[PDB]
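What follows is a short report on a single structure.
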Amino acid sequence: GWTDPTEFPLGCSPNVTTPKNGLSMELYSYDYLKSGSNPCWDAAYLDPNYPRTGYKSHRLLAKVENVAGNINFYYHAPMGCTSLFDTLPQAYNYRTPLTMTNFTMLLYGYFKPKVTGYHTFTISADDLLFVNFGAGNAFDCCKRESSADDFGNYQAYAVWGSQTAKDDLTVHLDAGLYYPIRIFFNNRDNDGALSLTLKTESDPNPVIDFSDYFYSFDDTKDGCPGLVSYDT
Ligand SMILES: CC(=O)N[C@@H]1[C@@H](O)[C@H](O[C@@H]2O[C@H](CO)[C@H](O)[C@H](O)[C@H]2O)[C@@H](CO)O[C@H]1O
Ligand SMILES: [Ca+2]
């Protein structure tokens with residue numbers, strides 16, 4: 001039950017006077033197979049455990065903080081089956097060129113709503129985007145480090161070329177709470193793309209700039225369970 005994704009995800013109440021803006025990010029290599037191979041790309045990204053522990057067998061490229069803003073991109077590769085260096089959008093706070101054609105990316109932190117009510121998050125990706133959302137499902141309130149690998153069934157998932165290449169998740173959220181979120185991305189080859197949008201009833205248009213929504217909090221000994229609750 002604890003890590004299963006739900007329509008009423010659990011949020012958190014960190015004790016934080018001055019919250020740190022943006023999500024944390026980790027970038028890892030995703031090397032091609034030997035030049036001339038067909039298939040040319042490493043298939044590891046489809047392994048159920050690649051997003052849990054497999055990516056750790058790859059090279060750590062960087063740890064980045066303060067990922068905040070519009071994180072969506074479409075990277076158009078000039079050639080397929082070819083590693084090419086380019087840059088991520090500004091939101092990612094990572095200015096140096098990386099292999100945009102082939103890389104793994106993990107984001108985590110907390111999502112703070114602006115208006116209490118239903119939130120629909122929509123995702124699409126090339127090649128892979130797996131999203132967890134809520135305490136337990138993503139990780140435990142102010143206990144991320146100790147629960148980081150224990151995420152549950154994805155609230156949304158998108159895999160290019162599969163039967164689910166676009167997805168969404170609809171959750172009821174309270175604007176006073178901060179919700180654990182985990183976003184796992186992979187580009188295996190060629191084009192790379194990530195789209196996350198948010199729809200609520202308070203705006204007829206989607207939200208694409210998450211500047212005001214993404215936070216990071218330090219873990220604590222006792223954790224920071226949500227202090228707003230409506231269940232009976
Ligand atoms: C040019 C070549 O030798 N092969 C390419 C393939 O590598 C190419 O790759 C796929 O592209 C899709 C997007 O359309 C997606 O990014 C996959 O991750 C990627 O493997 C495929 C389609 O472009 O066929 C040839 O063009
Ligand atoms: Ca791709």
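If you're wondering about the labels, chains in the structure tokens are A, B, ... by order shown, residues count from 1 in each chain, ligands from 1 in order shown.
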Secondary structure check, strand (DSSP E) residues of stretch 115-202 of chain A, as an MDAnalysis selection string: chainID A and resid 117:126 128:133 156:159 166:173 179:187 192:199
Using only C-alpha atoms and all ligand atoms, which protein or nucleic acid residues are at most 7 Å from ligand 1, as a VMD selection string? chain A and resid 41 79 to 81 126 to 127 160 187 to 192
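Proximity of A:59, A:76, A:221, A:119 to residue A:174, computed with only C-alpha atoms, is greatest for A:119.
Each of A:217, A:210, A:30, A:111 was checked against residue A:65 using only C-alpha atoms; the smallest atom-to-atom distance is that of A:217.
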Using only C-alpha atoms and all ligand atoms, find the one residue out of A:145, A:214, A:64, A:103 that sits nearest to ligand 2. A:103
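Ranking A:2, A:75, A:154, A:32 by their shortest atom-to-atom distance to residue A:193, with only C-alpha atoms included, puts A:75 first.
Every protein or nucleic acid residue with an atom no more than 12 Å from residue A:31, counting only C-alpha atoms and leaving out same-chain residues fewer than 5 positions away, appears here: residues 40, 41, 42, 43, 44, 45, 55, 57, 58, 59, 81, 82, 83, 84, 98, 99, 100, 101, 102, 103, 104, 186, 187, 188 and 189 of chain A.
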Residues at most 7 Å from residue A:122, counting only C-alpha atoms, excluding those fewer than 6 positions away in the same chain, as a ChimeraX atom specification? /A:167-169,196-198
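In this model, the gap between atom CA of residue A:220 and atom CA of residue A:13 comes to 11.7 Å.
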